[PDB]
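Data from start-v1.cif: mmCIF, C-alpha atoms
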data_input
#
loop_
_atom_site.group_PDB
_atom_site.id
_atom_site.type_symbol
_atom_site.label_atom_id
_atom_site.label_comp_id
_atom_site.auth_asym_id
_atom_site.auth_seq_id
_atom_site.Cartn_x
_atom_site.Cartn_y
_atom_site.Cartn_z
ATOM 1 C CA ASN B 519 -134.267 116.719 146.946
ATOM 2 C CA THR B 520 -137.126 114.419 145.755
ATOM 3 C CA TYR B 521 -139.667 113.579 148.483
ATOM 4 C CA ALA B 522 -142.871 111.661 148.279
ATOM 5 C CA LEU B 523 -145.020 114.219 150.288
ATOM 6 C CA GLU B 524 -148.015 111.886 151.081
ATOM 7 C CA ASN B 525 -145.530 109.309 152.625
ATOM 8 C CA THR B 526 -143.953 111.950 155.009
ATOM 9 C CA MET B 527 -144.869 113.259 158.488
ATOM 10 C CA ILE B 528 -145.065 117.119 158.248
ATOM 11 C CA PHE B 529 -144.956 119.276 161.463
ATOM 12 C CA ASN B 530 -144.911 123.006 162.398
ATOM 13 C CA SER B 531 -142.076 124.443 164.625
ATOM 14 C CA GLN B 532 -144.639 126.793 166.319
ATOM 15 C CA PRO B 533 -148.229 126.019 167.546
ATOM 16 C CA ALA B 534 -151.115 127.385 165.417
ATOM 17 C CA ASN B 535 -154.481 129.087 166.071
ATOM 18 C CA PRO B 536 -157.597 126.919 165.427
ATOM 19 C CA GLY B 537 -159.239 126.949 161.958
ATOM 20 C CA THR B 538 -156.331 128.627 160.145
ATOM 21 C CA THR B 539 -156.588 128.434 156.305
ATOM 22 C CA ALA B 540 -153.190 130.182 155.692
ATOM 23 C CA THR B 541 -150.734 128.893 153.015
ATOM 24 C CA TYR B 542 -147.382 127.624 154.368
ATOM 25 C CA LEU B 543 -144.118 127.455 152.400
ATOM 26 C CA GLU B 544 -141.334 124.801 152.996
ATOM 27 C CA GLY B 545 -139.153 127.074 155.254
ATOM 28 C CA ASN B 546 -141.917 127.215 157.929
ATOM 29 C CA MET B 547 -142.454 123.375 157.856
ATOM 30 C CA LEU B 548 -140.476 120.545 159.564
ATOM 31 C CA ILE B 549 -140.200 117.676 156.966
ATOM 32 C CA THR B 550 -138.970 114.153 157.945
ATOM 33 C CA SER B 551 -136.781 111.756 155.843
ATOM 34 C CA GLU B 552 -136.716 107.895 156.047
ATOM 35 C CA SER B 553 -133.374 107.606 154.041
ATOM 36 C CA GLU B 554 -131.745 105.307 156.757
ATOM 37 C CA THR B 555 -134.236 102.442 155.831
ATOM 38 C CA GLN B 556 -133.337 102.617 152.033
ATOM 39 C CA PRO B 557 -131.022 99.464 152.194
ATOM 40 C CA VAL B 558 -134.276 97.347 152.918
ATOM 41 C CA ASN B 559 -137.235 99.669 151.906
ATOM 42 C CA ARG B 560 -138.362 100.431 148.332
ATOM 43 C CA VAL B 561 -138.653 104.093 147.146
ATOM 44 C CA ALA B 562 -142.327 105.405 146.921
ATOM 45 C CA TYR B 563 -141.839 107.698 143.832
ATOM 46 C CA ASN B 564 -140.327 104.836 141.636
ATOM 47 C CA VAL B 565 -141.969 101.659 140.047
ATOM 48 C CA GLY B 566 -141.529 98.365 142.122
ATOM 49 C CA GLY B 567 -140.241 95.861 139.480
ATOM 50 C CA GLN B 568 -141.169 93.913 136.277
ATOM 51 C CA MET B 569 -143.080 90.562 135.585
ATOM 52 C CA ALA B 570 -143.805 88.406 132.405
ATOM 53 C CA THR B 571 -146.860 89.400 130.283
ATOM 54 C CA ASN B 572 -146.823 86.727 127.481
ATOM 55 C CA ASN B 573 -145.766 83.231 126.356
ATOM 56 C CA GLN B 574 -142.656 83.104 124.028
ATOM 57 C CA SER B 575 -142.847 81.031 120.764
ATOM 58 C CA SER B 576 -140.823 80.796 117.525
ATOM 59 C CA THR B 577 -143.391 83.334 116.131
ATOM 60 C CA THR B 578 -143.454 85.540 119.310
ATOM 61 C CA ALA B 579 -140.631 87.325 121.223
ATOM 62 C CA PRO B 580 -140.763 87.404 125.078
ATOM 63 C CA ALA B 581 -142.291 90.541 126.824
ATOM 64 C CA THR B 582 -142.289 92.143 130.341
ATOM 65 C CA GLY B 583 -144.405 94.762 132.131
ATOM 66 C CA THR B 584 -143.731 97.148 135.101
ATOM 67 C CA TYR B 585 -145.993 97.157 138.234
ATOM 68 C CA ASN B 586 -146.933 100.291 140.443
ATOM 69 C CA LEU B 587 -148.092 98.277 143.534
ATOM 70 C CA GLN B 588 -147.180 94.997 145.356
ATOM 71 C CA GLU B 589 -148.256 93.537 148.752
ATOM 72 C CA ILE B 590 -146.795 90.991 151.262
ATOM 73 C CA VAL B 591 -145.097 87.820 149.900
ATOM 74 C CA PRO B 592 -143.468 84.983 151.949
ATOM 75 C CA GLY B 593 -139.777 85.782 152.840
ATOM 76 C CA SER B 594 -140.569 89.573 152.992
ATOM 77 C CA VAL B 595 -138.423 91.848 155.309
ATOM 78 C CA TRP B 596 -138.887 95.625 156.080
ATOM 79 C CA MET B 597 -138.231 98.393 158.658
ATOM 80 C CA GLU B 598 -141.115 100.288 160.444
ATOM 81 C CA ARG B 599 -141.324 104.154 160.484
ATOM 82 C CA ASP B 600 -139.061 106.076 162.962
ATOM 83 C CA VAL B 601 -140.327 107.909 166.107
ATOM 84 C CA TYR B 602 -139.725 111.705 166.579
ATOM 85 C CA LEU B 603 -139.518 113.870 169.759
ATOM 86 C CA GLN B 604 -142.451 116.001 168.263
ATOM 87 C CA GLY B 605 -144.383 112.711 167.421
ATOM 88 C CA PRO B 606 -146.824 110.235 169.101
ATOM 89 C CA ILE B 607 -145.968 107.147 171.355
ATOM 90 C CA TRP B 608 -149.051 104.831 170.899
ATOM 91 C CA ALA B 609 -152.282 103.980 168.983
ATOM 92 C CA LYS B 610 -155.240 101.704 169.912
ATOM 93 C CA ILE B 611 -155.773 98.578 167.737
ATOM 94 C CA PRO B 612 -159.443 98.533 166.484
ATOM 95 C CA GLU B 613 -161.718 95.673 167.705
ATOM 96 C CA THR B 614 -162.954 93.721 164.596
ATOM 97 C CA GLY B 615 -161.794 90.218 165.546
ATOM 98 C CA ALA B 616 -159.268 90.110 162.594
ATOM 99 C CA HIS B 617 -155.995 92.040 161.902
ATOM 100 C CA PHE B 618 -152.514 91.614 160.338
ATOM 101 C CA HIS B 619 -149.159 92.965 161.793
ATOM 102 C CA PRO B 620 -150.341 95.733 164.156
ATOM 103 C CA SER B 621 -147.921 98.639 163.888
ATOM 104 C CA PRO D 622 -162.818 79.402 156.113
ATOM 105 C CA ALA D 623 -164.527 81.452 153.306
ATOM 106 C CA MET D 624 -168.105 79.980 153.810
ATOM 107 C CA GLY D 625 -167.860 80.934 157.547
ATOM 108 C CA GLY D 626 -167.199 79.269 160.926
ATOM 109 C CA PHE D 627 -164.176 77.796 162.752
ATOM 110 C CA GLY D 628 -161.027 76.452 161.035
ATOM 111 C CA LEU D 629 -159.602 73.422 162.817
ATOM 112 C CA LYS D 630 -156.283 71.517 162.482
ATOM 113 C CA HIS D 631 -157.905 68.501 164.281
ATOM 114 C CA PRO D 632 -161.647 68.500 163.432
ATOM 115 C CA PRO D 633 -164.394 66.311 164.969
ATOM 116 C CA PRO D 634 -163.772 62.907 163.248
ATOM 117 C CA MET D 635 -165.520 61.037 160.369
ATOM 118 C CA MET D 636 -168.070 58.422 161.624
ATOM 119 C CA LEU D 637 -168.703 55.500 159.197
ATOM 120 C CA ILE D 638 -171.457 52.809 159.283
ATOM 121 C CA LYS D 639 -172.121 49.801 156.990
ATOM 122 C CA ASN D 640 -174.494 46.780 156.803
ATOM 123 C CA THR D 641 -172.547 43.458 157.037
ATOM 124 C CA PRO D 642 -172.851 41.255 153.896
ATOM 125 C CA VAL D 643 -175.153 38.276 154.461
ATOM 126 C CA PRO D 644 -174.857 35.547 151.760
ATOM 127 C CA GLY D 645 -177.573 33.808 149.598
ATOM 128 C CA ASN D 646 -177.658 29.975 149.275
ATOM 129 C CA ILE D 647 -174.337 28.549 147.921
ATOM 130 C CA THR D 648 -174.187 24.766 147.193
ATOM 131 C CA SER D 649 -170.761 24.401 145.476
ATOM 132 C CA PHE D 650 -167.115 25.565 146.062
ATOM 133 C CA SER D 651 -165.468 28.287 143.906
ATOM 134 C CA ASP D 652 -162.197 30.300 144.237
ATOM 135 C CA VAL D 653 -164.216 33.194 142.614
ATOM 136 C CA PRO D 654 -165.830 35.510 145.275
ATOM 137 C CA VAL D 655 -169.573 35.340 146.111
ATOM 138 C CA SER D 656 -171.736 37.940 144.297
ATOM 139 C CA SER D 657 -175.160 36.714 145.655
ATOM 140 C CA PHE D 658 -176.434 38.213 148.949
ATOM 141 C CA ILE D 659 -179.759 38.603 150.796
ATOM 142 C CA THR D 660 -181.241 42.225 150.426
ATOM 143 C CA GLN D 661 -181.202 44.194 153.751
ATOM 144 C CA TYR D 662 -181.498 47.742 155.314
ATOM 145 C CA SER D 663 -180.900 49.197 158.829
ATOM 146 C CA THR D 664 -182.661 51.794 161.052
ATOM 147 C CA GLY D 665 -181.955 53.402 164.490
ATOM 148 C CA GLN D 666 -181.585 56.514 166.737
ATOM 149 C CA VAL D 667 -178.582 58.944 167.080
ATOM 150 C CA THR D 668 -177.962 61.479 169.920
ATOM 151 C CA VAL D 669 -175.438 64.444 169.727
ATOM 152 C CA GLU D 670 -174.521 66.572 172.839
ATOM 153 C CA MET D 671 -172.490 69.824 172.424
ATOM 154 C CA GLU D 672 -171.056 72.356 174.929
ATOM 155 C CA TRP D 673 -170.615 76.061 173.991
ATOM 156 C CA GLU D 674 -168.699 78.924 175.709
ATOM 157 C CA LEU D 675 -170.374 82.406 175.675
ATOM 158 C CA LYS D 676 -168.885 85.946 175.828
ATOM 159 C CA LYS D 677 -171.122 88.526 177.662
ATOM 160 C CA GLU D 678 -171.975 92.058 176.402
ATOM 161 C CA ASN D 679 -170.485 94.967 178.554
ATOM 162 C CA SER D 680 -172.080 97.993 176.681
ATOM 163 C CA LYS D 681 -172.362 101.616 178.022
ATOM 164 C CA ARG D 682 -174.796 102.714 175.130
ATOM 165 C CA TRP D 683 -177.777 104.751 176.603
ATOM 166 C CA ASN D 684 -180.241 104.379 173.672
ATOM 167 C CA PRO D 685 -182.026 101.122 172.665
ATOM 168 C CA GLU D 686 -180.432 98.562 170.217
ATOM 169 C CA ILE D 687 -181.621 96.614 167.083
ATOM 170 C CA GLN D 688 -182.964 93.024 167.829
ATOM 171 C CA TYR D 689 -184.262 90.020 165.786
ATOM 172 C CA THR D 690 -188.066 89.839 166.222
ATOM 173 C CA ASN D 691 -190.982 87.792 164.890
ATOM 174 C CA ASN D 692 -192.649 90.563 162.819
ATOM 175 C CA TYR D 693 -195.073 89.852 159.942
ATOM 176 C CA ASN D 694 -197.982 91.842 158.424
ATOM 177 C CA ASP D 695 -201.356 89.891 158.091
ATOM 178 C CA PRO D 696 -199.714 86.388 158.367
ATOM 179 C CA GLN D 697 -201.389 83.352 156.655
ATOM 180 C CA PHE D 698 -199.093 80.784 158.372
ATOM 181 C CA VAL D 699 -196.693 80.667 161.284
ATOM 182 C CA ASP D 700 -193.011 80.691 160.133
ATOM 183 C CA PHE D 701 -190.676 77.952 161.689
ATOM 184 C CA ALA D 702 -193.699 75.638 162.145
ATOM 185 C CA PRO D 703 -195.357 72.727 160.244
ATOM 186 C CA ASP D 704 -198.141 73.393 157.645
ATOM 187 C CA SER D 705 -201.516 71.616 156.976
ATOM 188 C CA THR D 706 -199.630 68.840 154.977
ATOM 189 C CA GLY D 707 -196.944 68.549 157.753
ATOM 190 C CA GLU D 708 -194.035 70.248 155.860
ATOM 191 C CA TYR D 709 -191.723 72.632 157.869
ATOM 192 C CA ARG D 710 -191.529 76.290 156.730
ATOM 193 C CA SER D 711 -188.326 78.439 157.079
ATOM 194 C CA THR D 712 -188.850 81.749 155.050
ATOM 195 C CA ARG D 713 -185.958 83.889 156.520
ATOM 196 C CA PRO D 714 -182.117 83.499 156.857
ATOM 197 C CA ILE D 715 -180.799 84.457 160.372
ATOM 198 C CA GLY D 716 -177.360 86.039 161.136
ATOM 199 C CA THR D 717 -175.682 86.751 164.483
ATOM 200 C CA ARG D 718 -174.941 90.577 164.450
ATOM 201 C CA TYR D 719 -177.640 92.795 166.148
ATOM 202 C CA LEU D 720 -175.546 94.270 169.005
ATOM 203 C CA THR D 721 -173.225 97.252 168.428
ATOM 204 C CA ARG D 722 -169.783 98.129 169.809
ATOM 205 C CA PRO D 723 -167.444 101.195 169.480
ATOM 206 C CA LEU D 724 -164.159 100.659 167.492
ATOM 207 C CA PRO U 622 -203.464 100.442 192.185
ATOM 208 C CA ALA U 623 -205.417 101.543 189.027
ATOM 209 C CA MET U 624 -202.518 103.599 187.418
ATOM 210 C CA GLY U 625 -200.254 100.487 187.767
ATOM 211 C CA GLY U 626 -197.456 99.175 190.022
ATOM 212 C CA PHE U 627 -197.173 97.803 193.582
ATOM 213 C CA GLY U 628 -199.634 98.557 196.418
ATOM 214 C CA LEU U 629 -197.901 98.870 199.776
ATOM 215 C CA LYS U 630 -199.211 99.047 203.384
ATOM 216 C CA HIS U 631 -195.813 100.533 204.480
ATOM 217 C CA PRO U 632 -194.403 102.541 201.529
ATOM 218 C CA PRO U 633 -190.910 104.089 201.207
ATOM 219 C CA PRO U 634 -191.192 107.200 203.482
ATOM 220 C CA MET U 635 -191.642 110.960 202.783
ATOM 221 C CA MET U 636 -188.297 112.893 202.820
ATOM 222 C CA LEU U 637 -188.608 116.625 203.710
ATOM 223 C CA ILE U 638 -185.990 119.434 203.402
ATOM 224 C CA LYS U 639 -186.151 123.151 204.354
ATOM 225 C CA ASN U 640 -183.813 126.203 204.483
ATOM 226 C CA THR U 641 -183.400 127.493 208.095
ATOM 227 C CA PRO U 642 -184.699 131.077 208.623
ATOM 228 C CA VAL U 643 -181.860 133.593 208.933
ATOM 229 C CA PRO U 644 -182.955 137.009 210.334
ATOM 230 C CA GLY U 645 -182.397 140.605 208.978
ATOM 231 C CA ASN U 646 -181.089 143.387 211.294
ATOM 232 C CA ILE U 647 -183.343 143.894 214.385
ATOM 233 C CA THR U 648 -182.483 146.808 216.760
ATOM 234 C CA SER U 649 -185.479 146.802 219.176
ATOM 235 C CA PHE U 650 -187.487 144.229 221.259
ATOM 236 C CA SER U 651 -191.049 143.156 220.296
ATOM 237 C CA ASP U 652 -193.374 140.328 221.506
ATOM 238 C CA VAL U 653 -194.611 140.236 217.826
ATOM 239 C CA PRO U 654 -192.665 137.635 215.703
ATOM 240 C CA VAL U 655 -189.941 138.680 213.211
ATOM 241 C CA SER U 656 -191.126 138.961 209.571
ATOM 242 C CA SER U 657 -187.774 140.250 208.097
ATOM 243 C CA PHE U 658 -185.224 137.653 206.878
ATOM 244 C CA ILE U 659 -182.197 137.519 204.548
ATOM 245 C CA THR U 660 -183.082 135.934 201.062
ATOM 246 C CA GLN U 661 -181.410 132.492 200.525
ATOM 247 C CA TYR U 662 -181.479 129.259 198.366
ATOM 248 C CA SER U 663 -179.768 125.817 198.612
ATOM 249 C CA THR U 664 -178.178 123.367 196.110
ATOM 250 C CA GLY U 665 -176.644 119.831 196.322
ATOM 251 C CA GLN U 666 -176.398 116.189 195.077
ATOM 252 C CA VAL U 667 -178.730 113.184 195.824
ATOM 253 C CA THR U 668 -177.956 109.448 195.257
ATOM 254 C CA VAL U 669 -180.635 106.616 195.198
ATOM 255 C CA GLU U 670 -179.661 102.861 195.166
ATOM 256 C CA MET U 671 -182.349 100.175 194.511
ATOM 257 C CA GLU U 672 -182.264 96.336 194.479
ATOM 258 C CA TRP U 673 -184.650 94.306 192.248
ATOM 259 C CA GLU U 674 -185.542 90.561 192.198
ATOM 260 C CA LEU U 675 -186.020 88.930 188.729
ATOM 261 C CA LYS U 676 -188.104 85.902 187.606
ATOM 262 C CA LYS U 677 -186.536 83.898 184.682
ATOM 263 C CA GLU U 678 -188.390 82.694 181.534
ATOM 264 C CA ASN U 679 -188.744 78.809 181.230
ATOM 265 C CA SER U 680 -190.450 78.623 177.728
ATOM 266 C CA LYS U 681 -190.721 75.478 175.486
ATOM 267 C CA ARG U 682 -191.970 77.546 172.380
ATOM 268 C CA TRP U 683 -190.052 76.424 169.175
ATOM 269 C CA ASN U 684 -190.738 79.506 166.977
ATOM 270 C CA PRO U 685 -189.236 83.007 167.523
ATOM 271 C CA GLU U 686 -190.917 85.642 169.828
ATOM 272 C CA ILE U 687 -191.830 89.398 169.539
ATOM 273 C CA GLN U 688 -189.139 91.828 170.989
ATOM 274 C CA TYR U 689 -188.771 95.632 171.518
ATOM 275 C CA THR U 690 -186.304 96.963 168.904
ATOM 276 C CA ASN U 691 -184.901 100.313 167.770
ATOM 277 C CA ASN U 692 -186.615 100.450 164.337
ATOM 278 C CA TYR U 693 -187.150 103.707 162.396
ATOM 279 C CA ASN U 694 -187.470 104.495 158.654
ATOM 280 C CA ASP U 695 -185.115 107.324 157.327
ATOM 281 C CA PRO U 696 -184.431 108.826 160.837
ATOM 282 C CA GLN U 697 -183.600 112.587 161.178
ATOM 283 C CA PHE U 698 -182.571 112.295 164.874
ATOM 284 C CA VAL U 699 -181.673 109.574 167.333
ATOM 285 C CA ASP U 700 -184.542 108.851 169.809
ATOM 286 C CA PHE U 701 -183.587 108.759 173.610
ATOM 287 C CA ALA U 702 -180.695 111.186 172.940
ATOM 288 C CA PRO U 703 -180.062 114.978 173.173
ATOM 289 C CA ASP U 704 -180.733 117.286 170.144
ATOM 290 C CA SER U 705 -178.695 120.212 168.637
ATOM 291 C CA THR U 706 -180.117 122.589 171.392
ATOM 292 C CA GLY U 707 -179.408 119.959 174.145
ATOM 293 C CA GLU U 708 -183.062 118.901 174.825
ATOM 294 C CA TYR U 709 -183.765 115.133 175.436
ATOM 295 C CA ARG U 710 -186.148 113.358 173.009
ATOM 296 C CA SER U 711 -188.476 110.457 174.086
ATOM 297 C CA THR U 712 -190.992 109.761 171.164
ATOM 298 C CA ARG U 713 -192.316 106.272 172.249
ATOM 299 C CA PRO U 714 -194.004 104.811 175.416
ATOM 300 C CA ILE U 715 -192.493 101.417 176.511
ATOM 301 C CA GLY U 716 -194.419 98.534 178.210
ATOM 302 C CA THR U 717 -193.129 95.269 179.696
ATOM 303 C CA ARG U 718 -195.055 92.464 177.798
ATOM 304 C CA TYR U 719 -193.196 90.967 174.734
ATOM 305 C CA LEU U 720 -192.796 87.346 175.939
ATOM 306 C CA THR U 721 -195.656 84.828 175.638
ATOM 307 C CA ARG U 722 -196.851 82.017 177.917
ATOM 308 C CA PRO U 723 -199.569 79.279 177.627
ATOM 309 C CA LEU U 724 -202.623 79.615 179.992
#
Show this structure as structure tokens.
Amino acid sequence: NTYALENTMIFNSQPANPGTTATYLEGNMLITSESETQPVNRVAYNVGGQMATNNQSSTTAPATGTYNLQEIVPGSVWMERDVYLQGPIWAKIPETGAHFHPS
Amino acid sequence: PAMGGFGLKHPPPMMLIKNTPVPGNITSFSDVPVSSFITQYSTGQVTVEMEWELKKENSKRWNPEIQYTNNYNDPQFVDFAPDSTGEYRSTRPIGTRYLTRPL
Amino acid sequence: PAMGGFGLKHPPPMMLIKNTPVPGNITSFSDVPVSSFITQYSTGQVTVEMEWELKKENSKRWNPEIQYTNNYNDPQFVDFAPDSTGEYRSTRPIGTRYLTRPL
């Protein structure tokens, strides 16, 4: 029942009036899950992994540290986000002259 | 490239020029190589011709744009011109981005 | 002409439009002309297409020239655009002479 809320598409079952400032509880909302991609996609709430932070010596024991973010590395594989019947088909790529992987 | 410009797998090639060694008077045979030469220098003219492809603006912006202009208050010299001694003056750096486009 | 522009012996011609008189109810004959009419107005769309011939610059001047630019310090509005009420703003008069030629 743990969800990373800022990584999820949230939708309303019914259309809303413009400018509404009303609070909405979970029962009103439609909340998506990406659990099918878990065999290749890391979990957002958890830490990514650990790396070496020191040099070992007869005087000094070896040490590691956890990381909260990592970016693309060679040999990287992942799955893109799923489409929904309520969701959008397309987006325009912005014209800057430079981009990476345009999904 | 980080400095700017176009990155090329096969760049315009290195062009190398040298003055041919001309020997000083030698009267006897030696296996050891000659180290005595007449002193010489060379002079000439070089021409370079380059072709460039241009992409045209297709803007629908109603209002007037920013442009590079020759604009100086009370000038004592003309910029991009020779001075009284004959030395060229280049006070300002010039970039390429004055036109605007929507994202 | 003193105001400016092109002086023409045979200028583009005068175009004249009127609403046809439509009479109010008349029940009796008179030699005197009718002065009673139904009140009416007209509306529509007009299109004008013009062709212009251009003369190209052929300058040999090495240094950079003066140009018209959009240049404002701390602007509170965009010039040549509508305002919050919808009224068009045109703060500056614009002439044609920015390029330079030798006598």
Pose of chain U fitted onto chain D, C-alpha LSQ, given as a JSON list (two decimals) with C-alpha atoms, in the frame of the given file:
[["chain", "number", "residue", "atom", "x", "y", "z"],
["U", 622, "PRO", "CA", -162.82, 79.40, 156.11],
["U", 623, "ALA", "CA", -164.53, 81.45, 153.31],
["U", 624, "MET", "CA", -168.10, 79.98, 153.81],
["U", 625, "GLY", "CA", -167.86, 80.93, 157.55],
["U", 626, "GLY", "CA", -167.20, 79.27, 160.93],
["U", 627, "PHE", "CA", -164.18, 77.80, 162.75],
["U", 628, "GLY", "CA", -161.03, 76.45, 161.03],
["U", 629, "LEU", "CA", -159.60, 73.42, 162.82],
["U", 630, "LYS", "CA", -156.28, 71.52, 162.48],
["U", 631, "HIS", "CA", -157.90, 68.50, 164.28],
["U", 632, "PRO", "CA", -161.65, 68.50, 163.43],
["U", 633, "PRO", "CA", -164.39, 66.31, 164.97],
["U", 634, "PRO", "CA", -163.77, 62.91, 163.25],
["U", 635, "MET", "CA", -165.52, 61.04, 160.37],
["U", 636, "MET", "CA", -168.07, 58.42, 161.62],
["U", 637, "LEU", "CA", -168.70, 55.50, 159.20],
["U", 638, "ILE", "CA", -171.46, 52.81, 159.28],
["U", 639, "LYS", "CA", -172.12, 49.80, 156.99],
["U", 640, "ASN", "CA", -174.49, 46.78, 156.80],
["U", 641, "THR", "CA", -172.55, 43.46, 157.04],
["U", 642, "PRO", "CA", -172.85, 41.25, 153.90],
["U", 643, "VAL", "CA", -175.15, 38.28, 154.46],
["U", 644, "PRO", "CA", -174.86, 35.55, 151.76],
["U", 645, "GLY", "CA", -177.57, 33.81, 149.60],
["U", 646, "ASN", "CA", -177.66, 29.97, 149.27],
["U", 647, "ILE", "CA", -174.34, 28.55, 147.92],
["U", 648, "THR", "CA", -174.19, 24.77, 147.19],
["U", 649, "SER", "CA", -170.76, 24.40, 145.48],
["U", 650, "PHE", "CA", -167.11, 25.57, 146.06],
["U", 651, "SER", "CA", -165.47, 28.29, 143.91],
["U", 652, "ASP", "CA", -162.20, 30.30, 144.24],
["U", 653, "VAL", "CA", -164.22, 33.19, 142.61],
["U", 654, "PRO", "CA", -165.83, 35.51, 145.28],
["U", 655, "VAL", "CA", -169.57, 35.34, 146.11],
["U", 656, "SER", "CA", -171.74, 37.94, 144.30],
["U", 657, "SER", "CA", -175.16, 36.71, 145.65],
["U", 658, "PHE", "CA", -176.43, 38.21, 148.95],
["U", 659, "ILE", "CA", -179.76, 38.60, 150.80],
["U", 660, "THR", "CA", -181.24, 42.22, 150.43],
["U", 661, "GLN", "CA", -181.20, 44.19, 153.75],
["U", 662, "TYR", "CA", -181.50, 47.74, 155.31],
["U", 663, "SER", "CA", -180.90, 49.20, 158.83],
["U", 664, "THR", "CA", -182.66, 51.79, 161.05],
["U", 665, "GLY", "CA", -181.95, 53.40, 164.49],
["U", 666, "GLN", "CA", -181.58, 56.51, 166.74],
["U", 667, "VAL", "CA", -178.58, 58.94, 167.08],
["U", 668, "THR", "CA", -177.96, 61.48, 169.92],
["U", 669, "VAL", "CA", -175.44, 64.44, 169.73],
["U", 670, "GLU", "CA", -174.52, 66.57, 172.84],
["U", 671, "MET", "CA", -172.49, 69.82, 172.42],
["U", 672, "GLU", "CA", -171.06, 72.36, 174.93],
["U", 673, "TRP", "CA", -170.62, 76.06, 173.99],
["U", 674, "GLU", "CA", -168.70, 78.92, 175.71],
["U", 675, "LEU", "CA", -170.37, 82.41, 175.67],
["U", 676, "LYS", "CA", -168.88, 85.95, 175.83],
["U", 677, "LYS", "CA", -171.12, 88.53, 177.66],
["U", 678, "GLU", "CA", -171.97, 92.06, 176.40],
["U", 679, "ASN", "CA", -170.49, 94.97, 178.55],
["U", 680, "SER", "CA", -172.08, 97.99, 176.68],
["U", 681, "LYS", "CA", -172.36, 101.61, 178.02],
["U", 682, "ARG", "CA", -174.80, 102.71, 175.13],
["U", 683, "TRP", "CA", -177.78, 104.75, 176.60],
["U", 684, "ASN", "CA", -180.24, 104.38, 173.67],
["U", 685, "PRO", "CA", -182.03, 101.12, 172.67],
["U", 686, "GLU", "CA", -180.43, 98.56, 170.22],
["U", 687, "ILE", "CA", -181.62, 96.61, 167.08],
["U", 688, "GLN", "CA", -182.96, 93.02, 167.83],
["U", 689, "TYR", "CA", -184.26, 90.02, 165.79],
["U", 690, "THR", "CA", -188.07, 89.84, 166.22],
["U", 691, "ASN", "CA", -190.98, 87.79, 164.89],
["U", 692, "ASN", "CA", -192.65, 90.56, 162.82],
["U", 693, "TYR", "CA", -195.07, 89.85, 159.94],
["U", 694, "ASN", "CA", -197.98, 91.84, 158.42],
["U", 695, "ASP", "CA", -201.36, 89.89, 158.09],
["U", 696, "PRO", "CA", -199.71, 86.39, 158.37],
["U", 697, "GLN", "CA", -201.39, 83.35, 156.66],
["U", 698, "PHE", "CA", -199.09, 80.78, 158.37],
["U", 699, "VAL", "CA", -196.69, 80.67, 161.28],
["U", 700, "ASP", "CA", -193.01, 80.69, 160.13],
["U", 701, "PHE", "CA", -190.68, 77.95, 161.69],
["U", 702, "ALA", "CA", -193.70, 75.64, 162.15],
["U", 703, "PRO", "CA", -195.36, 72.73, 160.24],
["U", 704, "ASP", "CA", -198.14, 73.39, 157.65],
["U", 705, "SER", "CA", -201.52, 71.62, 156.98],
["U", 706, "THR", "CA", -199.63, 68.84, 154.98],
["U", 707, "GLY", "CA", -196.94, 68.55, 157.75],
["U", 708, "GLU", "CA", -194.03, 70.25, 155.86],
["U", 709, "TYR", "CA", -191.72, 72.63, 157.87],
["U", 710, "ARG", "CA", -191.53, 76.29, 156.73],
["U", 711, "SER", "CA", -188.33, 78.44, 157.08],
["U", 712, "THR", "CA", -188.85, 81.75, 155.05],
["U", 713, "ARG", "CA", -185.96, 83.89, 156.52],
["U", 714, "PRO", "CA", -182.12, 83.50, 156.86],
["U", 715, "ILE", "CA", -180.80, 84.46, 160.37],
["U", 716, "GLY", "CA", -177.36, 86.04, 161.14],
["U", 717, "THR", "CA", -175.68, 86.75, 164.48],
["U", 718, "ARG", "CA", -174.94, 90.58, 164.45],
["U", 719, "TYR", "CA", -177.64, 92.79, 166.15],
["U", 720, "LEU", "CA", -175.55, 94.27, 169.00],
["U", 721, "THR", "CA", -173.22, 97.25, 168.43],
["U", 722, "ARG", "CA", -169.78, 98.13, 169.81],
["U", 723, "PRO", "CA", -167.44, 101.19, 169.48],
["U", 724, "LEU", "CA", -164.16, 100.66, 167.49]]
Chain U residues near chain D (8 Å cut-off, all atoms listed in the file) as a VMD selection string: chain U and resid 683 to 692 700 to 702
Env of segment 622-626 of chain U: 12 Å cut, atoms = only C-alpha atoms, seq-sep filter 3 positions within chain, self excluded. Answer as a PDB file with C-alpha atoms, in the coordinates of the input.
ATOM      1  CA  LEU U 629    -197.901  98.870 199.776  1.00  0.00           C
ATOM      2  CA  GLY U 716    -194.419  98.534 178.210  1.00  0.00           C
ATOM      3  CA  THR U 717    -193.129  95.269 179.696  1.00  0.00           C
TER       4      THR U 717
END
With 4 Å added on each side, what axis-aligned box encloses every listed atom of segment 633-639 of chain D? Give the centre and edge lengths in Å to one decimal, as JSON.
{"center_x": -167.9, "center_y": 58.1, "center_z": 161.0, "size_x": 16.3, "size_y": 24.5, "size_z": 16.0}
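Residues lying within 7 Å of residue 643 of chain U, counting all atoms listed in the file and ignoring same-chain neighbours fewer than 2 positions away, are residues 641, 658 and 659 of chain U.
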Once you count all atoms listed in the file, which residues of chain D turn out to be within 9 Å of chain B? Could you give them as a PDB file with C-alpha atoms, in the frame of the given file?
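result-v5.pdb written:
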ATOM      1  CA  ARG D 722    -169.783  98.129 169.809  1.00  0.00           C
ATOM      2  CA  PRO D 723    -167.444 101.195 169.480  1.00  0.00           C
ATOM      3  CA  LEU D 724    -164.159 100.659 167.492  1.00  0.00           C
TER       4      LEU D 724
END
Quick one: residues within 12 Å of residue 608 of chain B, only C-alpha atoms, excluding same-chain residues fewer than 4 positions away - as a list in words? residues 601, 620 and 621 of chain B
